[PDB]
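Enquirer: okay, structure incoming, though there's no sequence with it:
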DNA sequence: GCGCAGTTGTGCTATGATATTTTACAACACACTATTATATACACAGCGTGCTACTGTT
């Protein structure tokens, strides 16, 4: 082994606590998009940490694109400050990470059909529909996308340890189904 | 109201044997999904660039 998964995307939610006028928000923000007809939220962005926020009239906000939990909270506080600077009585509350995505490379090809047959109740593999095997782990409850190349995607985690836990649990199985 | 003469209507049509063949429309309420990110990869469609051929001019 020796491989440890790399975090790729962190999704979080934040309650600003006050109602927002989206045209005002979009108008005053330096990096905003807002087309009511397409989606009901201002799509705001900041350069550091590089992230994207979906800002709603209710004052709720979704922050995505961060590569670390630190970066997620940091960028979230920053978006909240922007809203304040524009003039609303916003508050940075209820910061919570909802989804963590990770990925790695085991460095060997995998026999997906064998794995799907062996771990049938957790696996779903339809190569004509999507080339990767969808593995639904029980403990921890994580979803893994397994590819012939040996590249692995882990998602559905609320905490970093779950990403790490799942990979540790899957590695022996990937080894059992290697090609070379 | 009674009798008579049409029409309808109702049973059955030999004994045993052997061999195959399949009600509508409108309104209201409740449930479900676009949007944004991330690794992943196979696929398909379009766009751009390069090469070859044909036509025109010297």
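Expert: That came through fine. Residues are numbered from 1 along each chain as shown, chains lettered A, B, ... in the order given.
Enquirer: what about stretch A:118-134 and DNA strand B, touching?
Expert: Yes - using C-beta under 7 Å from any atom of the strand, stretch A:118-134 reaches DNA strand B at A:130, A:131, A:132. From N, CA and C alone the C-beta is placed, and that goes for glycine too.
Enquirer: surely residue A:23 touches residue A:35?
Expert: No - using C-beta atoms under 8 Å, residue A:23 is not in contact with residue A:35, being 11.1 Å away.
Enquirer: helix, strand, or coil at the closest residue to DNA strand B within chain A?
Expert: The nearest approach of chain A to DNA strand B comes at residue A:9, 2.5 Å away (C-beta to the nearest atom of the strand). Using DSSP: H, G, I helix; E, B strand; the rest coil, the structure places residue A:9 in strand.
Enquirer: wait, is residue A:35 part of a strand?
Expert: No - under the criterion used here (three-state DSSP), residue A:35 is coil, not part of a strand.
Enquirer: residue A:5: neighbour count?
Expert: Residue A:5 is flanked by 21 other residues according to other C-beta atoms under 10 Å.
Enquirer: next up, the contacts around the residue nearest to it when sequence neighbours are not counted.
Expert: Residue nearest to residue A:5 in three dimensions, not counting chain neighbours: residue A:102, with 3.9 Å by C-beta to C-beta, 6 or more residues apart in numbering. Contact analysis of residue A:102 by C-beta atoms under 8 Å, 6 or more residues apart in numbering lists A:5, A:6, A:7, A:8, A:153, A:154, A:155, A:157, A:163, A:167.
Enquirer: what's across from residue A:102 in the sheet?
Expert: When assigned by DSSP bridges, residue A:102 has beta-bridge partners residue A:7, residue A:154.
Enquirer: go on, residue A:64?
Expert: Bridge pairing for residue A:64 - DSSP bridges - gives residue A:52.
Enquirer: pull the contacting residues for it.
Expert: Residues near residue A:64 by C-beta under 8 Å, 6+ apart: A:9, A:10, A:11, A:12, A:51, A:52, A:53, A:54.
Enquirer: how about the strands in chain A?
Expert: Assigned by DSSP state E, chain A shows strands spanning A:6-15, A:32-33, A:42-46, A:51-55, A:60-66, A:93-105, A:123-124, A:133-136, A:143-146, A:151-157.
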